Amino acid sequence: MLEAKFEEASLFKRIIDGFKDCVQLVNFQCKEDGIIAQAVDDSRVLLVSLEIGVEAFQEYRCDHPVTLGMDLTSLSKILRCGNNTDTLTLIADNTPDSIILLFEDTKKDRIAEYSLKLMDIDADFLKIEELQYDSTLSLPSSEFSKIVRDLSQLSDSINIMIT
């Protein structure tokens, strides 16, 4: 029986953008210590791996590992009721047909309750991270944003080279 409270719905909405535009369905594994989710694009050249710990939520309690997989384009439509600054809560039970999404904000007036019906997806979970990589770098995400956006204008094919 799951109950997980994001302090601001913006966060979760933003996290789903990372999957959307590149993946269709997805299993979300909920366990004592948080949520993990994995998805592979159609051509199988991109994997998206998500992990959210307990500390990222406001409240979080999950007393039983539960997979609730779902259509993301369906889920994002519910997220459009988002506000970004609203206190979003996720509820489930032992073996659930639906996840419940629960919005609230500062005035007691506006508590909306949504419900998305779940699906069966076959979980072929993938652990493909290597120990050693040839090179590691980190830079501002906004800076990276620009380089990719810019070079995408000239070619379908960007080449990274470290020497």
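In this text, residue numbers run from 1 along the sequence as written.
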{"item": "Mean Cα B-factor comparison, 39-47 or 100-108, giving the higher one as deposited", "value": "100-108"}
{"item": "Which of 91-99 and 132-140 has higher mean CA B factor, as the PDB entry lists it", "value": "91-99"}
{"item": "Residue 62 CA temperature factor, ranked by third within the chain", "value": "highest"}
{"item": "Chain-relative CA temperature factor third for residue 14", "value": "middle"}
{"item": "Within-chain third of residue 123 by Cα B-factor, per the entry", "value": "highest"}
{"item": "CA B-factor placement of residue 68, once the chain's modelled residues are sorted into thirds", "value": "middle"}
{"item": "Cα B factor band for residue 56 (lowest, middle or highest third within the chain)", "value": "middle"}
